[PDB]
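With compact mmCIF, C-alpha atoms and all ligand atoms inside, this is data01.txt:
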```
# COMPACT_ATOMS: atom_id res chain seq x y z
CA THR A 1 0.00 0.00 0.00
CA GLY A 2 3.10 2.26 0.51
CA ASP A 3 3.77 2.62 -3.28
CA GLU A 4 -0.04 2.37 -3.90
CA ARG A 5 -0.83 5.20 -1.36
CA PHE A 6 1.93 7.44 -2.91
CA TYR A 7 0.48 7.10 -6.48
CA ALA A 8 -3.11 7.67 -5.14
CA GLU A 9 -2.24 10.64 -2.82
CA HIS A 10 0.57 12.39 -4.84
CA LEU A 11 2.01 11.12 -8.18
CA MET A 12 -1.45 10.80 -9.89
CA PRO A 13 -3.28 13.86 -8.40
CA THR A 14 -0.26 16.01 -9.56
CA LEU A 15 -0.37 14.33 -13.04
CA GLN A 16 -4.20 14.37 -13.64
CA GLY A 17 -3.96 17.80 -11.90
CA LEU A 18 -1.26 18.89 -14.42
CA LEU A 19 -2.78 17.65 -17.75
CA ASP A 20 -6.28 17.33 -19.32
CA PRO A 21 -7.76 13.81 -18.87
CA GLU A 22 -7.00 12.74 -22.51
CA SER A 23 -3.33 14.00 -22.63
CA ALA A 24 -2.95 12.05 -19.30
CA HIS A 25 -4.29 8.80 -20.95
CA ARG A 26 -2.13 9.44 -24.10
CA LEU A 27 0.99 9.80 -21.84
CA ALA A 28 0.10 6.68 -19.74
CA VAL A 29 -0.03 4.62 -23.03
CA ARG A 30 3.23 6.12 -24.45
CA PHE A 31 5.08 5.70 -21.08
CA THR A 32 3.83 2.03 -21.09
CA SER A 33 5.09 1.39 -24.70
CA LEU A 34 8.46 3.11 -23.87
CA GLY A 35 8.65 0.90 -20.71
CA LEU A 36 9.05 3.94 -18.36
CA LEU A 37 7.06 2.02 -15.66
CA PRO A 38 7.93 0.36 -12.30
CA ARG A 39 8.52 -3.45 -12.08
CA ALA A 40 5.68 -5.22 -10.14
CA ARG A 41 7.54 -7.45 -7.59
CA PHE A 42 4.49 -9.80 -7.26
CA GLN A 43 4.86 -13.42 -8.57
CA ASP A 44 1.23 -14.70 -8.93
CA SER A 45 0.49 -17.56 -6.43
CA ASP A 46 -0.65 -20.78 -8.25
CA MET A 47 -4.14 -19.98 -6.75
CA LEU A 48 -5.07 -17.12 -9.15
CA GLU A 49 -4.52 -19.24 -12.36
CA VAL A 50 -7.79 -19.73 -14.40
CA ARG A 51 -8.53 -21.85 -17.55
CA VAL A 52 -11.48 -20.85 -19.86
CA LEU A 53 -12.02 -19.99 -23.59
CA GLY A 54 -9.44 -22.85 -23.86
CA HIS A 55 -6.52 -20.76 -22.44
CA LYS A 56 -4.31 -20.46 -19.30
CA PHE A 57 -4.79 -17.06 -17.52
CA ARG A 58 -1.83 -16.86 -15.03
CA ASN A 59 -4.10 -14.39 -13.09
CA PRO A 60 -7.78 -13.39 -13.60
CA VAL A 61 -7.12 -9.58 -13.62
CA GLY A 62 -6.86 -8.05 -17.15
CA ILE A 63 -6.84 -4.56 -18.79
CA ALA A 64 -10.18 -3.49 -20.42
CA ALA A 65 -10.48 -2.31 -24.09
CA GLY A 66 -10.05 1.49 -24.50
CA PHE A 67 -6.61 2.05 -22.84
CA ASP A 68 -4.43 0.62 -25.69
CA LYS A 69 -7.02 1.19 -28.51
CA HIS A 70 -4.38 0.70 -31.30
CA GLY A 71 -2.21 -2.03 -29.60
CA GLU A 72 0.94 0.13 -29.04
CA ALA A 73 1.66 -0.79 -25.36
CA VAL A 74 1.05 -4.61 -25.16
CA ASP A 75 4.28 -5.68 -23.32
CA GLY A 76 4.23 -2.71 -20.87
CA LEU A 77 0.72 -3.82 -19.72
CA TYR A 78 1.95 -7.44 -19.08
CA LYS A 79 4.95 -6.09 -17.05
CA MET A 80 2.34 -3.95 -15.15
CA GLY A 81 1.18 -7.43 -13.95
CA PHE A 82 -2.06 -7.95 -15.99
CA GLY A 83 -2.84 -11.70 -16.46
CA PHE A 84 -4.31 -10.96 -19.95
CA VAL A 85 -4.45 -7.85 -22.25
CA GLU A 86 -7.47 -6.66 -24.36
CA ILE A 87 -6.63 -4.02 -27.08
CA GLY A 88 -9.21 -2.04 -29.17
CA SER A 89 -11.83 -1.37 -30.05
CA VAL A 90 -10.33 -1.34 -33.62
CA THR A 91 -12.31 -0.13 -36.72
CA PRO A 92 -11.89 -1.42 -40.32
CA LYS A 93 -10.64 1.94 -41.77
CA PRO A 94 -8.85 4.43 -39.44
CA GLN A 95 -10.96 7.37 -38.05
CA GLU A 96 -10.45 10.57 -35.95
CA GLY A 97 -13.26 9.77 -33.47
CA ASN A 98 -15.38 12.55 -31.83
CA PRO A 99 -13.68 15.94 -31.17
CA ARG A 100 -11.94 16.85 -27.84
CA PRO A 101 -12.89 17.42 -25.14
CA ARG A 102 -13.96 13.71 -25.01
CA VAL A 103 -12.46 12.52 -21.64
CA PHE A 104 -13.68 14.12 -18.33
CA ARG A 105 -12.42 13.33 -14.76
CA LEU A 106 -15.04 12.98 -11.96
CA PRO A 107 -12.41 13.09 -9.16
CA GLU A 108 -15.06 13.13 -6.36
CA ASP A 109 -16.94 9.90 -7.41
CA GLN A 110 -13.66 8.10 -8.42
CA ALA A 111 -15.28 7.84 -11.93
CA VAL A 112 -14.78 9.00 -15.59
CA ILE A 113 -17.18 10.04 -18.43
CA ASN A 114 -15.61 9.32 -21.88
CA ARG A 115 -16.97 9.86 -25.45
CA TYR A 116 -13.87 8.92 -27.58
CA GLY A 117 -16.11 7.48 -30.36
CA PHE A 118 -13.77 4.66 -31.54
CA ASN A 119 -10.59 6.63 -32.41
CA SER A 120 -8.60 3.81 -34.18
CA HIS A 121 -5.50 3.50 -36.47
CA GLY A 122 -7.52 0.77 -38.31
CA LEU A 123 -7.00 -3.01 -38.90
CA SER A 124 -4.44 -2.50 -41.77
CA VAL A 125 -2.00 -0.94 -39.18
CA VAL A 126 -2.81 -2.80 -35.87
CA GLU A 127 -2.16 -5.98 -37.98
CA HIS A 128 1.45 -4.90 -38.90
CA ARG A 129 1.88 -4.00 -35.16
CA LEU A 130 0.65 -7.45 -33.87
CA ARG A 131 2.36 -9.34 -36.79
CA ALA A 132 5.65 -7.60 -35.71
CA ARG A 133 5.42 -9.21 -32.19
CA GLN A 134 3.51 -12.32 -33.51
CA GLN A 135 6.11 -14.71 -31.96
CA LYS A 136 6.63 -13.19 -28.44
CA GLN A 137 2.79 -13.24 -27.95
CA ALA A 138 2.82 -17.00 -28.86
CA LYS A 139 5.30 -17.70 -25.98
CA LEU A 140 3.41 -15.23 -23.67
CA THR A 141 0.10 -17.11 -24.35
CA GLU A 142 1.42 -20.69 -23.68
CA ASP A 143 3.18 -19.14 -20.59
CA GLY A 144 -0.31 -18.07 -19.32
CA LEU A 145 -0.71 -14.50 -20.76
CA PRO A 146 -3.41 -14.43 -23.52
CA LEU A 147 -4.12 -11.40 -25.84
CA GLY A 148 -7.73 -10.28 -26.64
CA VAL A 149 -8.69 -8.01 -29.62
CA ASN A 150 -11.82 -5.75 -29.32
CA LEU A 151 -13.57 -5.05 -32.71
CA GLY A 152 -15.65 -1.91 -33.56
CA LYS A 153 -17.28 -0.20 -36.62
CA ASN A 154 -16.41 3.03 -38.59
CA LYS A 155 -18.69 6.08 -37.90
CA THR A 156 -20.25 5.98 -41.44
CA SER A 157 -20.27 2.15 -41.99
CA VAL A 158 -23.82 1.06 -43.08
CA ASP A 159 -23.55 -2.71 -42.21
CA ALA A 160 -21.44 -3.15 -39.01
CA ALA A 161 -21.35 -6.94 -39.82
CA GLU A 162 -19.15 -6.49 -42.97
CA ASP A 163 -16.99 -4.25 -40.68
CA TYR A 164 -16.57 -7.00 -37.98
CA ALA A 165 -16.05 -9.96 -40.39
CA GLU A 166 -13.21 -7.80 -41.89
CA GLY A 167 -11.98 -7.57 -38.24
CA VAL A 168 -12.17 -11.40 -37.73
CA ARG A 169 -10.39 -11.74 -41.16
CA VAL A 170 -7.41 -9.43 -40.39
CA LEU A 171 -6.88 -9.76 -36.57
CA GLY A 172 -8.69 -13.08 -35.78
CA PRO A 173 -5.47 -15.08 -36.48
CA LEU A 174 -3.26 -12.96 -34.11
CA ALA A 175 -6.04 -12.99 -31.42
CA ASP A 176 -6.48 -15.53 -28.55
CA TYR A 177 -10.03 -14.06 -28.21
CA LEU A 178 -12.15 -11.45 -30.09
CA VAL A 179 -14.69 -9.05 -28.46
CA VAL A 180 -17.68 -7.96 -30.63
CA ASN A 181 -18.16 -4.38 -29.27
CA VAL A 182 -21.99 -3.91 -29.34
CA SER A 183 -22.11 -1.73 -26.18
CA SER A 184 -20.22 1.60 -26.86
CA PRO A 185 -22.58 4.52 -26.03
CA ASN A 186 -20.41 6.84 -28.19
CA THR A 187 -21.19 5.55 -31.77
CA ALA A 188 -24.42 5.90 -33.87
CA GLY A 189 -27.07 3.25 -32.93
CA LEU A 190 -24.35 0.66 -32.05
CA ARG A 191 -26.28 -0.33 -28.84
CA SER A 192 -29.14 -1.41 -31.23
CA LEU A 193 -26.95 -4.49 -32.18
CA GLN A 194 -27.98 -5.96 -28.76
CA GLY A 195 -31.46 -6.44 -30.36
CA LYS A 196 -32.36 -10.16 -30.85
CA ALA A 197 -32.81 -10.19 -34.69
CA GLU A 198 -29.84 -7.81 -35.38
CA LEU A 199 -27.49 -9.52 -32.81
CA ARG A 200 -28.17 -13.07 -34.20
CA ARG A 201 -27.55 -11.78 -37.79
CA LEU A 202 -24.27 -10.05 -36.67
CA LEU A 203 -22.71 -12.96 -34.67
CA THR A 204 -23.73 -15.46 -37.43
CA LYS A 205 -21.69 -13.44 -40.04
CA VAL A 206 -18.77 -12.92 -37.55
CA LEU A 207 -18.67 -16.70 -36.72
CA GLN A 208 -19.10 -17.49 -40.50
CA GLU A 209 -15.87 -15.47 -41.17
CA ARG A 210 -14.33 -17.02 -37.96
CA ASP A 211 -15.22 -20.73 -38.63
CA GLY A 212 -13.57 -19.86 -42.01
CA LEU A 213 -9.98 -19.79 -40.55
CA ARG A 214 -7.17 -22.37 -39.78
CA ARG A 215 -7.94 -24.08 -36.36
CA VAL A 216 -4.66 -22.78 -34.72
CA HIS A 217 -5.77 -19.27 -35.95
CA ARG A 218 -9.30 -19.64 -34.41
CA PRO A 219 -9.84 -17.14 -31.53
CA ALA A 220 -12.60 -17.29 -28.84
CA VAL A 221 -15.51 -14.93 -29.84
CA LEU A 222 -17.12 -12.92 -26.97
CA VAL A 223 -19.78 -10.10 -26.97
CA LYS A 224 -19.44 -6.89 -24.86
CA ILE A 225 -22.93 -5.80 -23.60
CA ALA A 226 -23.93 -2.44 -21.98
CA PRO A 227 -24.97 -2.22 -18.30
CA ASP A 228 -28.23 -0.49 -19.48
CA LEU A 229 -30.55 -3.33 -20.71
CA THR A 230 -34.34 -3.99 -20.39
CA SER A 231 -35.47 -7.14 -18.48
CA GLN A 232 -36.15 -8.24 -22.14
CA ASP A 233 -32.76 -7.17 -23.67
CA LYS A 234 -30.78 -9.42 -21.22
CA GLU A 235 -32.98 -12.54 -21.92
CA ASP A 236 -32.65 -12.20 -25.76
CA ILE A 237 -28.82 -11.69 -25.58
CA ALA A 238 -28.62 -14.79 -23.27
CA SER A 239 -30.76 -16.80 -25.79
CA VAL A 240 -28.83 -15.55 -28.91
CA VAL A 241 -25.47 -16.30 -27.13
CA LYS A 242 -26.36 -19.95 -26.14
CA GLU A 243 -28.52 -20.29 -29.34
CA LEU A 244 -25.35 -19.55 -31.45
CA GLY A 245 -22.80 -21.15 -29.04
CA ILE A 246 -20.82 -17.90 -28.35
CA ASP A 247 -17.58 -18.68 -26.40
CA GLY A 248 -18.35 -16.05 -23.66
CA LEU A 249 -19.54 -12.53 -22.63
CA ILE A 250 -18.00 -9.27 -21.26
CA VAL A 251 -20.17 -7.41 -18.66
CA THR A 252 -20.36 -4.54 -18.74
CA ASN A 253 -19.38 -1.58 -21.00
CA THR A 254 -19.93 2.03 -19.71
CA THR A 255 -23.39 3.34 -18.57
CA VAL A 256 -25.27 6.41 -20.00
CA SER A 257 -27.05 6.56 -16.56
CA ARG A 258 -25.90 9.11 -13.88
CA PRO A 259 -26.61 7.43 -10.50
CA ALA A 260 -28.46 9.89 -8.15
CA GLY A 261 -25.81 11.64 -5.96
CA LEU A 262 -22.76 12.06 -8.27
CA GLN A 263 -20.50 14.80 -6.72
CA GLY A 264 -18.54 15.06 -10.04
CA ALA A 265 -18.79 18.71 -11.24
CA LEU A 266 -18.73 17.27 -14.85
CA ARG A 267 -21.49 14.58 -14.43
CA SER A 268 -23.75 16.32 -17.06
CA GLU A 269 -21.18 15.66 -19.88
CA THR A 270 -22.37 13.22 -22.65
CA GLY A 271 -20.75 9.74 -22.84
CA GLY A 272 -20.15 6.46 -20.93
CA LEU A 273 -19.54 6.67 -17.13
CA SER A 274 -16.62 4.37 -16.06
CA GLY A 275 -15.35 3.66 -12.49
CA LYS A 276 -16.88 3.51 -8.97
CA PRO A 277 -20.57 4.39 -9.63
CA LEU A 278 -20.67 1.60 -12.32
CA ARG A 279 -19.29 -1.12 -9.93
CA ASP A 280 -22.77 -2.18 -8.60
CA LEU A 281 -24.65 -2.15 -11.99
CA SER A 282 -21.81 -4.20 -13.64
CA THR A 283 -21.93 -6.91 -10.85
CA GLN A 284 -25.81 -7.01 -10.84
CA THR A 285 -25.61 -7.47 -14.69
CA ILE A 286 -22.78 -10.11 -14.38
CA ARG A 287 -25.04 -11.97 -11.84
CA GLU A 288 -28.37 -11.65 -13.80
CA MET A 289 -26.57 -12.83 -17.01
CA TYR A 290 -25.05 -15.89 -15.18
CA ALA A 291 -28.53 -17.13 -14.04
CA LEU A 292 -29.72 -16.60 -17.69
CA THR A 293 -26.70 -18.53 -19.18
CA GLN A 294 -27.24 -21.17 -16.40
CA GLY A 295 -23.53 -20.51 -15.56
CA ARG A 296 -22.61 -22.34 -18.83
CA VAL A 297 -21.26 -19.15 -20.59
CA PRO A 298 -17.86 -17.70 -19.51
CA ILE A 299 -18.42 -14.07 -18.26
CA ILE A 300 -15.48 -11.58 -18.04
CA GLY A 301 -16.63 -9.07 -15.34
CA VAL A 302 -15.48 -5.42 -15.86
CA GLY A 303 -16.64 -2.03 -14.42
CA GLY A 304 -15.76 -0.27 -11.12
CA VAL A 305 -12.95 -2.73 -10.10
CA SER A 306 -10.19 -0.96 -8.03
CA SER A 307 -9.74 -3.41 -5.05
CA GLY A 308 -9.45 -7.17 -4.29
CA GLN A 309 -12.99 -7.15 -2.79
CA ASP A 310 -14.37 -5.35 -5.93
CA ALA A 311 -12.95 -8.20 -8.13
CA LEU A 312 -14.05 -11.06 -5.79
CA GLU A 313 -17.71 -9.78 -5.85
CA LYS A 314 -17.72 -10.08 -9.71
CA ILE A 315 -16.02 -13.56 -9.57
CA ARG A 316 -18.64 -14.65 -6.94
CA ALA A 317 -21.55 -13.32 -9.13
CA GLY A 318 -20.43 -15.39 -12.19
CA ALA A 319 -17.16 -13.67 -13.32
CA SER A 320 -14.78 -16.34 -14.80
CA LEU A 321 -12.35 -13.37 -15.34
CA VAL A 322 -12.16 -9.63 -14.32
CA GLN A 323 -11.00 -6.38 -16.05
CA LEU A 324 -10.35 -2.77 -14.85
CA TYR A 325 -9.31 0.57 -16.52
CA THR A 326 -10.78 3.76 -14.87
CA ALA A 327 -9.07 2.81 -11.53
CA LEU A 328 -5.56 3.41 -13.08
CA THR A 329 -6.52 7.11 -13.71
CA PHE A 330 -6.52 7.47 -9.85
CA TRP A 331 -4.55 4.48 -8.36
CA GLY A 332 -1.83 4.36 -11.10
CA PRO A 333 -0.17 1.13 -12.39
CA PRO A 334 0.25 -0.23 -8.80
CA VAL A 335 -3.57 -0.95 -8.67
CA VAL A 336 -2.90 -4.17 -10.71
CA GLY A 337 -0.61 -5.70 -8.03
CA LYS A 338 -3.03 -4.32 -5.35
CA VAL A 339 -6.24 -6.08 -6.64
CA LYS A 340 -4.37 -9.43 -7.18
CA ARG A 341 -2.80 -9.12 -3.66
CA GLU A 342 -6.14 -8.20 -1.92
CA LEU A 343 -7.79 -11.05 -3.95
CA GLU A 344 -5.42 -13.87 -2.70
CA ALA A 345 -6.34 -12.45 0.77
CA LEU A 346 -10.20 -12.41 0.51
CA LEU A 347 -9.93 -15.86 -1.21
CA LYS A 348 -7.82 -17.58 1.55
CA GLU A 349 -9.78 -15.63 4.27
CA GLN A 350 -13.17 -17.05 3.02
CA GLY A 351 -11.36 -20.42 2.46
CA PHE A 352 -11.25 -21.00 -1.36
CA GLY A 353 -9.09 -23.55 -3.29
CA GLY A 354 -8.09 -20.77 -5.77
CA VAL A 355 -10.34 -18.55 -8.00
CA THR A 356 -12.20 -21.27 -10.04
CA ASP A 357 -13.61 -22.45 -6.63
CA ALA A 358 -15.36 -19.01 -6.26
CA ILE A 359 -16.61 -18.54 -9.91
CA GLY A 360 -20.37 -17.90 -9.30
CA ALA A 361 -20.42 -19.10 -5.64
CA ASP A 362 -23.10 -16.39 -4.93
CA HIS A 363 -25.31 -18.88 -6.93
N1 LIG A 401 -1.62 3.50 -15.37
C1 LIG A 401 -1.62 4.65 -15.52
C2 LIG A 401 -1.71 5.91 -15.74
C3 LIG A 401 -0.59 6.85 -15.46
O1 LIG A 401 0.57 6.38 -14.89
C4 LIG A 401 1.58 5.71 -15.54
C5 LIG A 401 1.35 5.05 -16.75
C6 LIG A 401 2.38 4.38 -17.40
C7 LIG A 401 3.65 4.35 -16.86
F1 LIG A 401 4.64 3.69 -17.49
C8 LIG A 401 3.92 5.05 -15.57
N2 LIG A 401 5.17 4.99 -15.04
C9 LIG A 401 5.49 5.50 -13.85
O2 LIG A 401 4.71 6.08 -13.11
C10 LIG A 401 6.94 5.36 -13.43
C11 LIG A 401 7.68 6.62 -13.81
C12 LIG A 401 8.45 6.68 -14.97
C13 LIG A 401 9.12 7.86 -15.31
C14 LIG A 401 9.02 8.97 -14.49
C15 LIG A 401 8.24 8.90 -13.33
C16 LIG A 401 8.12 10.10 -12.44
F2 LIG A 401 7.45 11.04 -13.08
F3 LIG A 401 7.46 9.76 -11.34
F4 LIG A 401 9.32 10.54 -12.12
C17 LIG A 401 7.57 7.73 -12.99
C18 LIG A 401 2.85 5.71 -14.96
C19 LIG A 401 -0.77 8.21 -15.73
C20 LIG A 401 -1.95 8.75 -16.28
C21 LIG A 401 -3.06 7.95 -16.60
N3 LIG A 401 -4.30 8.22 -17.13
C22 LIG A 401 -5.06 7.08 -17.26
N4 LIG A 401 -6.32 7.00 -17.73
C23 LIG A 401 -7.01 8.08 -18.07
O3 LIG A 401 -6.54 9.21 -18.02
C24 LIG A 401 -8.44 7.88 -18.51
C25 LIG A 401 -8.58 7.02 -19.76
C26 LIG A 401 -9.05 6.48 -18.42
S1 LIG A 401 -4.30 5.63 -16.73
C27 LIG A 401 -2.94 6.50 -16.32
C1 LIG A 402 -11.70 6.37 -21.98
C2 LIG A 402 -12.36 5.03 -22.17
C3 LIG A 402 -12.31 4.40 -23.41
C4 LIG A 402 -12.92 3.16 -23.59
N1 LIG A 402 -12.85 2.57 -24.80
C5 LIG A 402 -13.43 1.36 -25.01
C6 LIG A 402 -13.37 0.68 -26.32
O1 LIG A 402 -12.78 1.21 -27.29
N2 LIG A 402 -13.97 -0.51 -26.45
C7 LIG A 402 -14.62 -1.10 -25.43
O2 LIG A 402 -15.15 -2.21 -25.63
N3 LIG A 402 -14.71 -0.54 -24.20
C8 LIG A 402 -14.15 0.66 -23.93
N4 LIG A 402 -14.24 1.25 -22.66
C9 LIG A 402 -14.96 0.55 -21.59
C10 LIG A 402 -14.03 -0.31 -20.75
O3 LIG A 402 -13.41 -1.31 -21.55
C11 LIG A 402 -14.83 -0.95 -19.62
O4 LIG A 402 -15.83 -1.83 -20.18
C12 LIG A 402 -15.49 0.13 -18.77
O5 LIG A 402 -14.64 1.28 -18.70
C13 LIG A 402 -15.76 -0.32 -17.34
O6 LIG A 402 -14.52 -0.64 -16.71
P1 LIG A 402 -13.81 0.36 -15.67
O7 LIG A 402 -14.94 1.07 -14.96
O8 LIG A 402 -13.01 -0.61 -14.81
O9 LIG A 402 -13.00 1.25 -16.57
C14 LIG A 402 -13.63 2.51 -22.46
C15 LIG A 402 -13.68 3.15 -21.22
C16 LIG A 402 -13.07 4.38 -21.04
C17 LIG A 402 -13.13 5.06 -19.70
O1 LIG A 403 -14.82 4.69 -28.20
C1 LIG A 403 -15.49 5.03 -27.24
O2 LIG A 403 -15.82 6.17 -26.95
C2 LIG A 403 -15.99 3.93 -26.35
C3 LIG A 403 -16.16 2.63 -26.78
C4 LIG A 403 -16.65 1.64 -25.86
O3 LIG A 403 -16.84 0.45 -26.13
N1 LIG A 403 -16.91 2.10 -24.59
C5 LIG A 403 -16.75 3.39 -24.14
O4 LIG A 403 -17.02 3.70 -22.99
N2 LIG A 403 -16.28 4.29 -25.07
```
Could you show the structure in this file as structure tokens?
Amino acid sequence: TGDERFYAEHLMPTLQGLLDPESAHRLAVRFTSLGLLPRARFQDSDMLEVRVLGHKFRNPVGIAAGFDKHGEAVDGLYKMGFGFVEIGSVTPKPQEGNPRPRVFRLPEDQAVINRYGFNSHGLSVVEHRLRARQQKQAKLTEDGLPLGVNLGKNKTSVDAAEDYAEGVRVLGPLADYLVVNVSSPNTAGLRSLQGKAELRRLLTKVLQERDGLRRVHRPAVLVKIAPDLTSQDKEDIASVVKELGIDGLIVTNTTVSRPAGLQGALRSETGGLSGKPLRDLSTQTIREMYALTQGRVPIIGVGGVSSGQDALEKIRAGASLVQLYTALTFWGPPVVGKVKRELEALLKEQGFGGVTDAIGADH
């Protein structure tokens, strides 16, 4: 907590204090690619290991899509101590994304509103960049560090499906799992791909392009869903997942809600709210979706995580894996070691074989 406290109290406040929220994120990425980051002196205890989507996850804590959108800072993230990395979302053709401002700090509610709108260097590039490190990722994967690739759609793309397929084509080989981003609040009518008829059509075309690749190339296909769903929405996504045999789910993306009693002086700003106020929704949606999948669909639980307890709660409500992002903004890179550390604790304390032995215990 010594190094953790110092980042939380000083190094980060003075940074996020110094720069606008975006420039801060841009620097964090670049510093991570350059390797200007501290060495996490935490060897993962055999406990935290998890197997799912047919892979070995040394630890269940991973980075969420949106930090390394273009896949520049892959190694840095692993050294940070993440058990698995998820880059993206990536778009077929490269695009500016919405204009700045587009990242806002809510210091007071330990949260963040973002409306990036899928800024991406495009598949054509990110390919070259993953192809370049093709071989080290291989070793990293079979050593227990898998790489996920989050797929998106261009602003002015009429059929998202043709967009994604093109994603599964280009980056599916170099991926150990693909996320179908269907949950971004910051792109035109994207959330309408969570609809039964439009979701089934989408994932059928994605899997058609997927099940059209060399077996060794074949990545796990997952779907990222928003925390803001009707009682109906959830059920239909559950159905269409199982119905199609989708390898797993991510739960959740950012919320367009603004939970009553946000102190953030920027809470009115348009976009997806990450961090603390999302924690509850995310877990309630990870739970509800487990019951609906009958626990038979691997859920990666993301949203609000910044502690060992935070993570556990997701794991216990169906989370086969966990992810965090917004935390970093406030806790710095040391938050990764911190969650893992405080997890081992609240596992042993409640008497659990490892992590697998707590996956959906709340059920
Ligand atoms: N993680 C993180 C993170 C962050 O910290 C980083 C990130 C990568 C690094 F490599 C280091 N390295 C060091 O600290 C070590 C060091 C090296 C050289 C000099 C010094 C010193 F200056 F101390 F001398 C110290 C620190 C900073 C801003 C930031 N913004 C975020 N997200 C958002 O803004 C919103 C989008 C959500 S995450 C984030
Ligand atoms: C600035 C920012 C950019 C993001 N970009 C993406 C993205 O491109 N694709 C995606 O699937 N999720 C994106 N997310 C959502 C995160 O991956 C995650 O689902 C969400 O932030 C909740 O996790 P957290 O509260 O631990 O950050 C982004 C979040 C933030 C704050
Ligand atoms: O690109 C964005 O703005 C974005 C994408 C996504 O999936 N989630 C999010 O919160 N923002």
Mind listing the residues within 7 Å of ligand LIG 403 (chain A), only C-alpha atoms and all ligand atoms counted, as a PyMOL selection string?
-> chain A and resi 66+89+114-119+181+183-186+253-254+272+274
Keeping C-alpha atoms, export the residues of the selection given above as a compact mmCIF listing (two decimals), in the coordinates of the input.
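And here is the file that came out, again-v4.txt:
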```
# COMPACT_ATOMS: atom_id res chain seq x y z
CA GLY A 66 -10.05 1.49 -24.50
CA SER A 89 -11.83 -1.37 -30.05
CA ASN A 114 -15.61 9.32 -21.88
CA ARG A 115 -16.97 9.86 -25.45
CA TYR A 116 -13.87 8.92 -27.58
CA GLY A 117 -16.11 7.48 -30.36
CA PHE A 118 -13.77 4.66 -31.54
CA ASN A 119 -10.59 6.63 -32.41
CA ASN A 181 -18.16 -4.38 -29.27
CA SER A 183 -22.11 -1.73 -26.18
CA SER A 184 -20.22 1.60 -26.86
CA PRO A 185 -22.58 4.52 -26.03
CA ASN A 186 -20.41 6.84 -28.19
CA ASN A 253 -19.38 -1.58 -21.00
CA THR A 254 -19.93 2.03 -19.71
CA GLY A 272 -20.15 6.46 -20.93
CA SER A 274 -16.62 4.37 -16.06
```
Identify, counting all atoms listed in the file, the protein, DNA and RNA residues located within 8 Å of ligand LIG 402 (chain A), and give them as a ChimeraX atom specification.
-> /A:22,25,63-67,69,88-90,103,111-119,150-152,179,181-184,224,250-254,272-276,278-279,302-306,323-327
Residue 291 in chain A: which residues within 9 Å, counting only C-alpha atoms, same-chain residues fewer than 3 positions away excluded, as a list in words?
-> residues 287, 288, 294, 295, 318 and 363 of chain A
Let's have the selection written as a PDB file, in the coordinates of the input, with C-alpha atoms.
```pdb
ATOM      1  CA  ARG A 287     -25.040 -11.970 -11.840  1.00  0.00           C
ATOM      2  CA  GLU A 288     -28.370 -11.650 -13.800  1.00  0.00           C
ATOM      3  CA  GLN A 294     -27.240 -21.170 -16.400  1.00  0.00           C
ATOM      4  CA  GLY A 295     -23.530 -20.510 -15.560  1.00  0.00           C
ATOM      5  CA  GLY A 318     -20.430 -15.390 -12.190  1.00  0.00           C
ATOM      6  CA  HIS A 363     -25.310 -18.880  -6.930  1.00  0.00           C
TER       7      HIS A 363
END
```
Any idea what's packed within 12 Å of residue 1 in chain A, counting all atoms listed in the file, ignoring anything in its chain fewer than 5 positions away? Could you give it as JSON, numbers by chain?
-> {"A": [6, 7, 8, 9, 307, 331, 334, 335, 336, 337, 338, 339, 341, 342]}
Interatomic distance, CA of residue 206 in chain A to CA of residue 180 in chain A (Å, one decimal) = 8.6 Å
Expected answer as a PyMOL selection string: residues within 6 Å of ligand LIG 401 (chain A), all atoms listed in the file = chain A and resi 21-22+24-25+28+31-32+35-38+326+328-329+332-333
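Counting only C-alpha atoms, residue 292 in chain A has the following residues at most 9 Å away, ignoring those fewer than 5 positions along the same chain: residues 234, 235, 238, 239 and 287 of chain A.
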Near residue 309 in chain A, counting all atoms listed in the file, which residues have an atom at most 10 Å away, once you skip same-chain residues fewer than 6 positions from it, shown as a ChimeraX atom specification?
-> /A:315,339-340,342-343,345-347
Counting all atoms listed in the file, what is within 8 Å of residue 169 in chain A, bar same-chain residues fewer than 4 positions away, as a PDB file with C-alpha atoms, keeping the file's coordinate frame?
```
ATOM      1  CA  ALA A 165     -16.050  -9.960 -40.390  1.00  0.00           C
ATOM      2  CA  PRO A 173      -5.470 -15.080 -36.480  1.00  0.00           C
ATOM      3  CA  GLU A 209     -15.870 -15.470 -41.170  1.00  0.00           C
ATOM      4  CA  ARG A 210     -14.330 -17.020 -37.960  1.00  0.00           C
TER       5      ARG A 210
END
```
Name the closest residue to residue 212 in chain A among the candidates A:225, A:27, A:319, A:168; distances are taken between atoms, counting only C-alpha atoms.
->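 Answer, going by the shortest atom-to-atom distance: A:168.
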Among listed residues A:344, A:96, A:280, A:75, nearest residue 259 in chain A (using all atoms listed in the file) =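 The closest residue to residue 259 in chain A is A:280.
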